[PDB]
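Notes follow once the structure below has been shown.
Just so you know, these numbers use all the heavy atoms, side chains as well, and skip hydrogens, waters and symmetry mates. Chain letters run A, B, ... following the sequence lines, proteins first, then strands; residues in each count from 1.
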Amino acid sequence: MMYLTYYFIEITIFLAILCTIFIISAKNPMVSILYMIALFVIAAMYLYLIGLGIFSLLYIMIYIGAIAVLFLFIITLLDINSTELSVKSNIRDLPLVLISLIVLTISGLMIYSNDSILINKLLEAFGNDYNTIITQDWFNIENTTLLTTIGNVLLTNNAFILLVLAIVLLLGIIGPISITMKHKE
Amino acid sequence: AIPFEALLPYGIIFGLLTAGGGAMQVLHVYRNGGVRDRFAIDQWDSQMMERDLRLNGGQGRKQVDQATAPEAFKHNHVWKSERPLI
Amino acid sequence: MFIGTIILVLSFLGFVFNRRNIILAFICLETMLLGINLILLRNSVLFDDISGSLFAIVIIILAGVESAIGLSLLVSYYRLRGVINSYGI
Amino acid sequence: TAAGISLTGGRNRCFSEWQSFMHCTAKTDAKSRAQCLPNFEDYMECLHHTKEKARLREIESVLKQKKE
Amino acid sequence: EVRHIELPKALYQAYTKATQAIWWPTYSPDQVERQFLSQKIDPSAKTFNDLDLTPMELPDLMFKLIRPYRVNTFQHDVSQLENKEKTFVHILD
Amino acid sequence: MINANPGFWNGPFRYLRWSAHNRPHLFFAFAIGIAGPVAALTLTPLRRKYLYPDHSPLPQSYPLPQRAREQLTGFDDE
Amino acid sequence: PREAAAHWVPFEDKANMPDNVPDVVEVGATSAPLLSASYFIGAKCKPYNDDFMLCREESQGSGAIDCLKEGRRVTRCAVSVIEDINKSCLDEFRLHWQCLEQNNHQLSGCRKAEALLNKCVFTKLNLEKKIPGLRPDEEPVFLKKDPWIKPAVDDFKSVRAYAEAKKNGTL
Amino acid sequence: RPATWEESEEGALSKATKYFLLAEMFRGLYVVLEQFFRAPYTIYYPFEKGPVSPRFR
Amino acid sequence: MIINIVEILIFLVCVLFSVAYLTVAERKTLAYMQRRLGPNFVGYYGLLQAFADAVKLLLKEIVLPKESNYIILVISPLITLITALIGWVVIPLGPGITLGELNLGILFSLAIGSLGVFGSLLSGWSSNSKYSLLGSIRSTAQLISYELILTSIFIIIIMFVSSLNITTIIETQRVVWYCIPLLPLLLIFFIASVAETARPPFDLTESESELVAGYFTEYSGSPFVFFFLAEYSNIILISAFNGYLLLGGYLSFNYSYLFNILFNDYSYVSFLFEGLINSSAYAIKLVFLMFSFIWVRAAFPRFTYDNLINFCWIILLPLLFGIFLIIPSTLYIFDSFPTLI
Amino acid sequence: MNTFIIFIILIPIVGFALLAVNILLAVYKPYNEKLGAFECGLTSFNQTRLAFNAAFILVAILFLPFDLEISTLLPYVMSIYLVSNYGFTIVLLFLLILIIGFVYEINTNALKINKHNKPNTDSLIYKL
Amino acid sequence: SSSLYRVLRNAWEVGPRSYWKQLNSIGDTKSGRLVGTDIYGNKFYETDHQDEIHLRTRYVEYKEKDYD
Ligand SMILES: CCCCCCCCCCCCO[C@H]1O[C@H](CO)[C@@H](O[C@H]2O[C@@H](CO)[C@H](O)[C@H](O)[C@@H]2O)[C@H](O)[C@H]1O
């Protein structure tokens, strides 16, 4: 019973690969948006798995709740023609696709380690074998969670980035009105 | 109130949700052993509950008021070995 | 680390080798940001650090504003043209 | 600005090694900065656990081939 | 693309024999028996032409009969639509 | 037209009367939003002086003393 | 530290402490009686507790191995407090922590047992509850006569005992 | 002539209270609720018939 | 995990049958308001009308038209119903008496309510009809526009209690229900609730579309049953949100005196009576709010899309962006910023 | 196996119960015109989209920033005590800066629907 | 009158047999005096109570379960 839930990170990785392939592959882009929603669900799962369910719910309410909604909103209102995934059109990409897959994945796994010899830089990235010990301390007296600390640092130690995000959101209001609306005089 | 025939469905809704809450209170208490539920529990209370499970014989929320622990409490300590996150 | 790099790389390839849509380009950008945020949050958990989660929530906000602006620009393009075709952005 | 803060609002996992290294940097100049090499090695070891992983690889290999 | 399978007799016949246990009509085992029996027309028997009737045949009526199940996915070659579409109003101010 | 805007700079008080009569959804939102910061600036010190002062801080962690160690005994071994 | 994530197997250790480390009894009380005896532990173990924390801080990393004598003293002082409670003040203590259990370990639902226990320990053991950090102008919340926040159901045994103690002048 | 916002026999705050608190709407709610406590007009047809006259066709 | 299954089944049964009888309650209350009576003939006193409707619908064809899509039409009801029902996991009927006692319960509610918009979005895509794709758009605009007001009221309440645990939000209201200091927010939250449920006076696209050949939900059979369950469950859940945010949830008068009179020690009768009282309070509040939904359907006419969007974005959100400033200022003036738990 | 987990999995993998009951119990023998869609109605191969007013898409595009604003206020209400009288001022400045954009939105009348066929308001003047 | 005292009082007037018959037939509880019977076997009643509205004073109790 113990290890029935061991491979639930690997399953999410597998499902993410699948949903990305379906995004690239779907005929109608509405289906691509739905598979993007499924990928957000998978990411939210993984975030619960590693202990960040607050971010899972934030993702569900922001990404799926607003951004995906707006995507569906625009494809319901705009004519977006599509060419179907074809072998007479896309098979030319296979050599470069495979070369780039190998190169980009291997470099993305090599970039995280500080070892000098290049082959060892990948071999340390795949060195996920030994478990972490979780010991318990008694020093945290309060009920501070991740959201509380985000608020604390964002409103005290990092107040400037919040008061700059305010202007970013002002752009988010003022740009679309300038671009979409036509002012009479 | 006059129209009882209109209040009968409201009475059924009321009775069903009331009985559900009551049965759920009873089942929660049976699960806990004669004690109301805990709620709004933080890290501290979780660690203290695990400590209680170490001091009683795994008997849930049973409390102990003695001043010296059994000599099993010295060797009953748990560390958790976590999967590598990837 | 793995899920994020994989999502990022596959989204980048599905952006680069897209001969189909513009919606796929939008989707691949959003999934790229998702992958970065997941690597970021895994490192946040392992180091027990808040700067990663702060950067992540900031990315959420900025990506929302990016989506809003991008889909306003698409709407201007469609104001003038009336059809968003397979090619031509 | 938010450096050294945990998910719970306090000191992070590898605070002490970082603080030792920064004490030694404050003591030193750019020419005496190489004295702070062991402290930086300790900080990075706390972060990434490379040396402990290699150690456990050795232990496991002795449990692996010298028995079977 | 209509899907067809072409799996053997001893298996399909048993599957049909099993699906007669549900209450609604299904493909019967004797129908897959008749799948091997082509039409043998009796020449001594009368025909349509004795009744001064000339039948239709299937390819001329298949359109009429199957067009309800025709999807009609999209229009043909929307290239050459761009510059004419450019003259219409698509978002009303 | 019937009750058009008279302009804030051609009279503030008349403009605000017009706003209360013809744009209450904006006027009273303005009032609600403005009355918080201004009250926070002006009434808080009066509250500290005449009603009750601010509370003393909560601990937030173990209050580690700022002293050197003292030699103790009691509850030693044996 | 963080809580475990995504999979975790508990593992114990059947080894004994080294012999250069003397033995020390453990405290053995669960959550609720310890929450009830927290303030009486703090009234008596202030020097030992702060010496334990000061030797941890001065050690700068080696507190687990440098602070063992000091932690043994802390444990012994706490055990002495709880032994004194059990020897002398057990009925009121049990009222208090059973009352804590039926609530959510909220001390606001247990004031009628808390009063009896505080009186008993102040008279017999000479340990009083004090919430530090306050001013002389601030009222401690455990001495408020009519609070805003009250329990849903006040504990039955505690109510009967409070009534009897007011009829017998023990309070 | 039409009446402007001046020449108003009703203060701004009073009509703003009627605006924000939905006076007439609560009055309509109450007039609907008063019918909730009045006798239903419904006759159970197969067992009680409606009014017929000698002239009926 | 036996008693877990028992608790889940009890909760499911009570919730679903409450929905099925809310349909009858709607009909009978609207009737007696309209000086009529009905339904009273399909059970004794009308108590099997909803089950008759269900059994009829579950024997009807599941006709899907020529230029429609099978999968979307069939699963959109089911996704809507799943999202409507999993929001009941966090609803407490007592101090901790919940299926999901999450410390992030408000965010779970507020995030699972974010997914109810996809039903109205995907309904429009189940046909090759260009005007239903615009009715979809209008409905989704309404829903996303009133989501902001519900979330704003959520945050204004959480300014008073710095927790996302619904039981803690309720237990803070032993002192005062938050409908007393924030009585206008009760009106606003009820209005936005009626608008999120797409209920009259906010029934624009259902009303709009029954006129036209399309732009409404032309489902038959089981999809239709699922949509009715979703609607009449979201009504109870948004009234539940009203409850535990503003009306104290399960709280009532203090019954310590009565319990010390009736009892001498904690028994299971004691616990059962506590639970019955608490869930009785929660249920009578829910009944009042459902009656209010029905009353508002009986009383008022309908809005248009322009009047509705204007209502929202030019009347309600200004007040709330002002209240965001006035509530923390009121807490700063009196040194009453709330602690965690 | 917690009751939360049991419920949230059980609802999806059981929700198709009445779906299957309806698929197995109910008739299904379609017609052409039962697969049809309306009383009257038709459309040639003219287009795939209708012209829409700007407000229809602007409400959705503006839902994103205001929703992000109200969701960014969540850290504050969960940190309100710890950020005592400093974060209060900071979030007030935040809200004021974001109210300026709302003021812009109102004054531009961006969510208003405009009407083409105006009613004529010009006088009738006769050249003598 | 649509009140509960009406049905309780009438079901005290007409016994439980008549109550269950009326609940299975009419759906409502009515108490009146027997006026007569027709050739088919249907019994006809009239009420004098102020509670019953205009056009609800006369009613039928059919003999057949498949009434018409
Ligand atoms: C959810 C349980 C699972 C089984 C599903 C049950 C399905 C039954 C749903 C019925 C709910 C009530 O919904 C229904 O209410 C009344 C019933 O008079 C209808 O109303 C109809 O009746 C008249 C009343 O004479 C109204 O004036 C209105 O003009 C309309 O013609 C509503 O148009 C419909 O929405």
Side-chain angles (χ1 to χ4, degrees), chain H, chain I residues 25-42 44-46 149 179 182-192 194-195 199-202 287-303 307 310-311 314-320 322-323 326:
Chain H
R1 186 170 52 156
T4 51
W5 66 273
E6 295 147 317
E7 312 278 318
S8 179
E9 68 276 15
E10 183 72 355
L13 203 60
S14 293
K15 65 179 284 306
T17 48
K18 283 183 285 206
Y19 180 83
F20 280 114
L21 303 180
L22 314 171
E24 66 275 28
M25 297 184 90
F26 280 116
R27 178 149 169 172
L29 286 166
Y30 199 68
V31 166
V32 171
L33 189 75
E34 282 176 2
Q35 307 307 85
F36 193 75
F37 301 97
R38 291 179 171 166
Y41 296 118
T42 298
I43 63 170
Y44 293 102
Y45 159 60
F47 305 93
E48 291 146 8
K49 204 172 140 58
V52 65
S53 176
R55 292 181 183 178
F56 191 77
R57 319 201 290 246
Chain I
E26 176 77 44
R27 293 171 76 166
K28 293 201 77 55
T29 297
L30 199 51
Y32 272 95
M33 273 167 194
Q34 293 166 343
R35 304 296 301 279
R36 71 197 168 91
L37 64 90
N40 69 345
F41 185 88
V42 176
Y44 299 147
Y45 294 115
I149 294 92
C179 64
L182 306 165
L183 188 53
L185 292 192
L186 177 57
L187 287 180
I188 298 163
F189 203 102
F190 187 75
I191 292 161
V194 176
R199 288 287 301 227
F202 297 86
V287 162
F288 268 46
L289 284 155
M290 288 188 284
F291 183 93
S292 312
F293 268 76
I294 296 147
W295 201 2
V296 166
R297 179 167 189 173
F300 303 132
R302 195 178 299 125
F303 282 102
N307 305 129
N310 181 72
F311 184 37
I314 295 96
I315 296 89
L316 284 181
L317 280 180
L319 288 174
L320 297 151
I323 289 160
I326 204 174

*Give, as side chain, backbone, both or neither, the part of H/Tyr30 having an atom under 4.5 angstrom from any heavy atom of chain I.*
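Looking at H/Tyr30, just its backbone touches chain I.
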_Structural part of H/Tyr44 lying under 4.5 Å from a heavy atom of chain I_ =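 The side chain, not the backbone.
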*Among all residues two or more places apart in sequence or in another chain, which pass the salt bridge (charged side-chain N to carboxylate O under 4.0 Å, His left out) test with I/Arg302?*
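For I/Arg302, the residues satisfying salt bridge (charged side-chain N to carboxylate O under 4.0 Å, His left out) (neighbours in sequence not counted) are I/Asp203.
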*Give a yes or no on whether the backbone of H/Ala39 and the side-chain of I/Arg35 come within a donor-acceptor separation of less than 3.5 Å.*
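Yes; at least one donor-acceptor contact below 3.5 Å.
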Looking at every non-hydrogen atom in both residues, tell me the closest pair between [X] and [Y] and how far apart they are.
{"X": "I/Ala298", "Y": "H/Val32", "result": "CB-CG1, 4.0 Å"}
{"X": "H/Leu29", "Y": "I/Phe300", "result": "CG-CZ, 3.6 Å"}
{"X": "H/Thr42", "Y": "I/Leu37", "result": "OG1-N, 3.6 Å"}

_Atom CD of H/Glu7: over 12 foreign heavy atoms under 6.0 Å_ =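 No - once you tally the heavy atoms of other residues, nucleotides and ligands closer than 6.0 Å, there are 12 at most.
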*asked:* Is it the case that atom CZ in I/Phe41 sees more than 12 heavy atoms from other parts of the structure closer than 6.0 Å?
replied: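 Counting neighbours around CZ of I/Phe41, 12 or fewer heavy atoms of other residues, nucleotides or ligands fall under 6.0 Å, so no.
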*asked:* So I/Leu187 and H/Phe20, do their side chains get closer than 4.5 Å, heavy atoms only?
replied: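 The answer is no, as the side chains (C-beta and beyond) never meet within the 4.5 Å cut-off.
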*Going from CE on I/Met33 to CZ on H/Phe37, what distance comes out if it is rounded to the nearest 0.5 angstrom?*
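So the CE of I/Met33 and the CZ of H/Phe37 are separated by 8.5 Å.
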